[PDB]
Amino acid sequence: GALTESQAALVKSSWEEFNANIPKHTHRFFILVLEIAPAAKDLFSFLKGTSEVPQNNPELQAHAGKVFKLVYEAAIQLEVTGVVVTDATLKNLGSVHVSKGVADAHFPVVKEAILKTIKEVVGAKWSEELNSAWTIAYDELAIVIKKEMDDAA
């Protein structure tokens, strides 16, 4: 709907399971990115000039771990305040994405790689409600990001 408390619980819950195996889950996210849009590889500094996604890279792990953390925090924020607040960081994030060649048409790619990751993290605990909670948070965070991008360009 607009993030109920049982929806926020599920995001936090699946988020903690994700965090439990960063090496594994973060490698798996970039696999799902590249399965969707193989052309995206080149945008990523730690993937460029590599054949396969690295499995024990600290840069990949740090990046993909931050990404998930910000969707999960966006979802708590929506639950609690009703909105996503734009701060310096999301302003900062807009200029970096503009610097790296990210367009609005790229957002659906990372959104589906994140849904598929989480589905594999929770396994049998997956529900259509968890799915809609991550969807809402991602979508609300991208809208903020996208305008900070559109203001940087």
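Between two forms, the rigid core is defined as the largest C-alpha subset superposing within 1.5 Å. Don't overthink the numbering: it's just position in the shown sequence, from 1.
When the core is superposed, where do the C-alphas shift more in 8 other deposited structures of this protein: in 62 to 70 or in 47 to 55?
With the rigid core fitted, 47 to 55 is the stretch that strays more in 8 other deposited structures of this protein.
127 to 135 versus 21 to 29: which one carries the higher mean Cα B factor per the record?
According to the entry, 127 to 135 carries the higher average C-alpha B-factor.
If you average the CA temperature factors over each stretch, which comes out higher, 30 to 38 or 49 to 57?
Stretch with the higher mean C-alpha B-factor: 49 to 57.
Going by the entry, which third of its chain does the Cα temperature factor of residue 114 land in?
CA B-factor rank for residue 114: lowest third.
Quick check for you: using the entry's CA B-factors within this chain, is residue 93 in the lowest, middle or highest third?
CA B-factor rank for residue 93: highest third.
When the modelled residues of the chain are sorted by Cα temperature factor, does residue 64 land in the lowest, middle or highest third?
Residue 64: CA B-factor falls in the lowest third of its chain.
Would you check the entry's CA temperature factor for residue 85 and let me know if it's in the chain's lowest, middle or highest third?
For residue 85, whose C-alpha B-factor we compare with every modelled residue in the chain, the answer is the highest third.
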